[PDB]
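In what follows, a single structure is set out as structure tokens and then discussed.
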Amino acid sequence: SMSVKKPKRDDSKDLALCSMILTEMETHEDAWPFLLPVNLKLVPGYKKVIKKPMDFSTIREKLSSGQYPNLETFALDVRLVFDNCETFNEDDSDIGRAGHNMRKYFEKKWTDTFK
């Protein structure tokens with residue numbers, strides 16, 4: 001509360017560390033469905049159904065331009081990528097399985113880096 005604070009966690013490396021995580025996600029062989037925005041002119045149903053599209057290139061641009069106020073807003077966009085994928089793709093599809101694999105890969109890096 002006012003003049004009453006928990007001890008200051010060092011957040012000065014967060015930006016760099018989120019960038020490294022994102023590089024590792026970018027270079028995973030199952031990243032291909034997530035590298036670029038879904039083409040809303042060429043994929044029927046996507047625009048109407050997926051209210052907040054997100055992809056790795058969009059996260060990278062947001063990261064690079066100081067549009068993440070903290071590491072939690074960064075994790076929310078990464079997870080949004082996988083949540084969108086589960087909304088639109090059957091679990092038993094190449095893309096559906098890609099999304100599950102990438103979400104697992106991400107959550108481990110996240111826990112190991114920050115928890």
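Each chain in the structure tokens gets a letter, A, B and so on, in the order shown; residues start at 1 in every chain, and ligands are counted from 1 in the order they appear.
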
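Non-sequential neighbours of residue 81 (chain A) (distance at most 6 Å, separation of 2 or more positions within a chain, only C-alpha atoms) are residues 54, 55, 78, 79, 83 and 84 of chain A.
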
Each region 29-60 of chain A residue no farther than 9 Å from region 87-108 of chain A, nearest pair in Å, only C-alpha atoms, as a Markdown table:
| residue | atom | partner | partner_atom | distance |
| --- | --- | --- | --- | --- |
| A:30 | CA | A:98 | CA | 5.4 |
| A:31 | CA | A:102 | CA | 7.1 |
| A:32 | CA | A:98 | CA | 8.6 |
| A:33 | CA | A:95 | CA | 6.4 |
| A:34 | CA | A:99 | CA | 8.5 |
| A:45 | CA | A:88 | CA | 9.0 |
| A:46 | CA | A:88 | CA | 7.8 |
| A:49 | CA | A:88 | CA | 8.1 |
| A:50 | CA | A:87 | CA | 7.8 |

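The shortest atom-to-atom distance to residue 37 (chain A), with only C-alpha atoms taken into account, belongs to A:58 out of A:113, A:70, A:58, A:23.
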
Pick out the residues sitting within 10 Å of residue 69 (chain A), and hand them over as a ChimeraX atom specification; count only C-alpha atoms, and ignore anything fewer than 5 positions along from it in its own chain. /A:15,63,74

Report the residues of chain A whose backbone DSSP state falls under helix (DSSP H, G or I), written as a ChimeraX atom specification. /A:14-26,32-34,46-49,56-64,71-88,94-114

Okay, now the selection with C-alpha atoms, as a compact mmCIF listing (two decimals), in the first residue's frame?
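Once everything was written out, this is selection.txt:
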# COMPACT_ATOMS: atom_id res chain seq x y z
CA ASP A 14 13.45 -9.23 -18.58
CA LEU A 15 13.52 -7.57 -22.05
CA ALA A 16 16.58 -9.48 -23.08
CA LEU A 17 15.42 -12.71 -21.67
CA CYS A 18 11.89 -12.51 -23.34
CA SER A 19 13.80 -11.80 -26.64
CA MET A 20 15.82 -14.98 -26.17
CA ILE A 21 12.75 -17.06 -25.45
CA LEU A 22 11.06 -15.60 -28.52
CA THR A 23 14.16 -16.45 -30.65
CA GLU A 24 13.98 -20.03 -29.46
CA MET A 25 10.23 -20.16 -30.34
CA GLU A 26 10.96 -18.58 -33.79
CA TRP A 32 5.78 -22.42 -39.11
CA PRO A 33 2.02 -21.97 -38.43
CA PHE A 34 2.80 -19.04 -36.06
CA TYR A 46 -10.60 -16.44 -39.30
CA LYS A 47 -11.46 -12.77 -39.20
CA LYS A 48 -14.91 -13.27 -37.64
CA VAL A 49 -14.05 -16.03 -35.25
CA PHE A 56 5.43 -14.38 -33.46
CA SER A 57 6.37 -11.59 -35.92
CA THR A 58 3.78 -9.27 -34.27
CA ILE A 59 5.10 -10.18 -30.81
CA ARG A 60 8.65 -9.51 -32.04
CA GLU A 61 7.70 -6.06 -33.37
CA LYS A 62 5.79 -5.19 -30.15
CA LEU A 63 8.81 -6.34 -28.07
CA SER A 64 11.34 -4.39 -30.12
CA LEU A 71 6.92 -9.71 -18.78
CA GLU A 72 3.29 -10.78 -18.02
CA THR A 73 1.84 -8.84 -20.96
CA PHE A 74 4.48 -10.64 -23.12
CA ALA A 75 3.35 -14.10 -21.85
CA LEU A 76 -0.29 -13.19 -22.45
CA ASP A 77 0.38 -12.53 -26.20
CA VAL A 78 2.48 -15.76 -26.56
CA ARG A 79 -0.40 -17.75 -24.93
CA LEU A 80 -2.95 -15.92 -27.13
CA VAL A 81 -1.11 -17.40 -30.17
CA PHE A 82 -1.79 -20.93 -28.81
CA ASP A 83 -5.29 -20.23 -27.62
CA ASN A 84 -6.20 -18.93 -31.06
CA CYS A 85 -4.66 -22.03 -32.62
CA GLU A 86 -6.78 -24.32 -30.38
CA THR A 87 -9.90 -22.31 -31.23
CA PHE A 88 -9.51 -22.77 -34.97
CA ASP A 94 -0.57 -30.88 -38.09
CA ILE A 95 -1.27 -27.27 -36.98
CA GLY A 96 -3.30 -28.40 -33.90
CA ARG A 97 -0.39 -30.61 -32.75
CA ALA A 98 2.12 -27.84 -33.57
CA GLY A 99 0.24 -25.54 -31.20
CA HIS A 100 0.27 -27.99 -28.35
CA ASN A 101 3.98 -28.70 -28.84
CA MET A 102 4.88 -24.97 -28.96
CA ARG A 103 2.81 -24.13 -25.86
CA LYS A 104 4.63 -26.86 -23.91
CA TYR A 105 8.01 -25.67 -25.16
CA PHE A 106 7.15 -22.08 -24.18
CA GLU A 107 5.81 -22.87 -20.67
CA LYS A 108 8.98 -24.78 -19.75
CA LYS A 109 11.28 -21.98 -20.91
CA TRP A 110 9.06 -19.53 -19.04
CA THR A 111 9.17 -21.47 -15.71
CA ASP A 112 12.91 -22.17 -16.02
CA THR A 113 13.77 -18.56 -16.83
CA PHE A 114 11.50 -16.69 -14.39
